Structure formats: C-alpha cells, structure tokens
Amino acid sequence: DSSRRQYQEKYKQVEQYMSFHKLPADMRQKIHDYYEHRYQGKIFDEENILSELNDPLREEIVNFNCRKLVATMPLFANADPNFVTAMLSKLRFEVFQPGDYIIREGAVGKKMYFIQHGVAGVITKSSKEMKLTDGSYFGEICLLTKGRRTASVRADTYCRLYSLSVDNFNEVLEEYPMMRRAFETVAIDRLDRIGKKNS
C-alpha cells in the first residue's frame, strides 16, 4: 500500500508537467488512460527488489510469473528451459494503446516483442490484415538481418507486451546457436508469406 501512494503522487507529477507544457485535452486523456493501464493504480521498484536476491531465486520467480507466456508459445514451450530462463531474464514489460505504431516499416529496429495479452496487426504495401495474438512474437526479422523493419505493426487493442533489446537478443543467441535457426526458419516463412526476399 506504500505503492498505491507513490502512484498518486507520480500521476500528480505527470499532471503538472502536462500543465506546464499546455498539452491538449485528448492528449492528456491519452496519457491518463495509459497510466491507468500501464501501472493500474500502483507503482513499485520491481528491479530494485529482484537485485537484493541471488540468481536461483530470481530464476524461480521470473519462471513462475511468466508461466502462461512460456506455455502458450511453441518456441519457448519446446525449448531448453535454460534458454527460456536466459530469455525471460532480459524481458522488459511495455504497454501500447489501440492504433499505436509499435513498429514502422522502413525504420531501424533495436527491439523485439512478445505478446502477453492483446491483438496486433501486420501491414505492408497491400498485404491485408495479418493478426498476431497471445503467445506470438514479432520484430525478430529486423534483428536477425541487421537491415530495416520489413513491415509495420499496429496495436489493434490495448497490448500488453514484453520486449527484448538487440544486445540481449544476441547475447542469448550466442549461447544458444540452435535457437538462432529456430528464429531464422520462422522468419523465412514470414517473408515468404508476404512475398519479400533478403540477403
């Protein structure tokens, strides 16, 4: 409950910033919405608290909390639990609101994403609507190829996501090369399903 306190003072700081910068009504709305969904009335130093513990405990926990994510994700579900653990360790949580552009075709990409809860759409130059849902991932292709985002990804609903930064994606994939081919294979299918080809 110290945290249901922090929450309301932080959102008081937020409101101030908005005032000083004179942001428009529907933009203050947008930001207020996101806050509720992002923090849901509570704020605490997740990271700090895990830092006080050792690895074994840190790994039991992350494994427990991400239990449904691992289980509904063919790639994780069917993998070396240790790879899973490595991966889960480096995920950072994120929230997107409906109509947000998580990824823009063209852009340079430094992150990939795991869908916890939500629906998201894959768009190219008239590739129709391709939907990804819980236990799906996107944003891998860019990272592998070191070239540019091969399509745009828009949030169709509120999207609860876990993201993995490029350095982290590569550190882990250094340790588990077998798991690179796993990514690569689904990526060639994805590029094959839309009609693209890459070096």
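Residue positions are given as counts along the sequence shown, with the first one as 1.
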| property | result |
| --- | --- |
| Higher-B stretch (mean Cα B-factor, as the entry records it), 118 to 126 or 81 to 89 | 118 to 126 |
| Entry-level comparison of average CA B-factors, 59 to 67 and 44 to 52, reporting the higher stretch | 44 to 52 |
| Third of the chain's Cα B-factor distribution that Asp134 belongs to, per the entry | highest |
| Chain thirds of CA B-factor: placement of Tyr39 | highest |
| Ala182, C-alpha B-factor rank within chain (lowest, middle or highest third) | middle |
| Chain-wide C-alpha B factor ranking for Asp156, given as lowest, middle or highest third | highest |
